[PDB]
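The block underneath contains the structure these notes are about, expressed in structure tokens.
Please treat every number below as a calculation from the coordinates, not as lab data. Because the Cβ atoms are built from the backbone with ideal geometry, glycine has one as well, and the counts that use them run over all protein chains shown.
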Amino acid sequence: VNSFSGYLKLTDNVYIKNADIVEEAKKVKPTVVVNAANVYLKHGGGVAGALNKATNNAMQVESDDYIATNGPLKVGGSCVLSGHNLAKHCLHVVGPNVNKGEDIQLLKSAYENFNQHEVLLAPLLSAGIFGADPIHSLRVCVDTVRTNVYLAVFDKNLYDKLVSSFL
Ligand SMILES: C[C@H]1CC[C@H](CO)N(c2ncnc3[nH]ccc23)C1
Ligand SMILES: [Cl-]
């Protein structure tokens, strides 16, 4: 039993809600919140920009040190950093950005990172400003993640479409 509330159950392990991931994280304080990261951990907009803003830029400061030490992530890769005031940990996961011409096939690799964590709060990878089809992203998620994932979808109109179109 966990404290996630108001989610629709899609499968044995995948749950979904129309919610603001920042406000969700602040309420639940999950062990792991997933960030929709880029390889440079530059958290300028989208989910990443909002999460970083909620940490008062502490996420960006920590991320800049991580990149200075380790270099960029891979598309499809991830790193675990602090969750600051939002969660114990933040799993920064890089889904392909279609608006950069990145291979959408890497979306499955991106979701595989979730399997290293028993429970996660997350957005749909490569959705929003990363320019992928969110219906496809949900399909890959459900078909890739085996651990317990609580998906937050910011747009109420998009949420209703994902549910009503979910197979
Ligand atoms: C991932 C991308 C697509 C699906 C979904 C729609 O709103 N979305 C978000 N969901 C929840 N919280 C959010 N904060 C900032 C953005 C955001 C953004
Ligand atoms: Cl977005």
- Message: Shape verdict for region 80-129, please, from the Cα gyration tensor: rounded (a/c under 1.5), prolate (a/b greater than b/c) or oblate.
- Response: prolate
- Would you look at the GNM of the chain, springs on alpha carbons closer than 10 Å, and say which of 106, 151, 41 moves the most? 106
- Under the 7 Å Cα-to-Cβ spin-label approximation, residue 82 and residue 2 lie apart by a distance in nanometres of 2.3 nm
- Derived scalar couplings ³J(HN,Hα) [region 135-145; Karplus, 6.51 cos²θ - 1.76 cosθ + 1.60; whole Hz; x for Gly, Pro]: 5, 4, 4, 5, 4, 4, 4, 3, 8, 10, 7
- Note on the structure: Expressed in nanometres to one decimal, the distance between label points 7 Å along Cα→Cβ at residue 26 and residue 143 is 3.7 nm
- Query: For residue 156, which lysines qualify as cross-link partners when the Cα separation must be under 26 Å and same-chain residues fewer than eight apart are set aside?
  - Reply: 9, 17, 26, 27, 29, 53, 108
- Message: Past the 19 angstrom mark, what percentage of all C-alpha to C-alpha distances in the chain do you count?
- Response: 50 percent
- Message: Can you tell me what share of the DSSP beta bridges in region 8-163 is antiparallel? A percent to the nearest 5 is fine.
- Response: 30 percent
- Estimated distance in nm for a label pair at residue 115 and residue 161, the labels positioned 7 Å out from Cα along Cα-to-Cβ: 3.0 nm
- Two-decimal log10 I(q)/I(0) for region 45-127, as the Debye equation yields it once each C-alpha is a single scatterer, q = 0.24 Å⁻¹: -1.37
- Task: Please name whichever of 34, 90, 49 sits farthest to the positive end of the charge dipole of region 33-121, dipole taken about the Cα centre and charges placed at Cβ: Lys and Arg +1, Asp and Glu -1.
- Result: 49
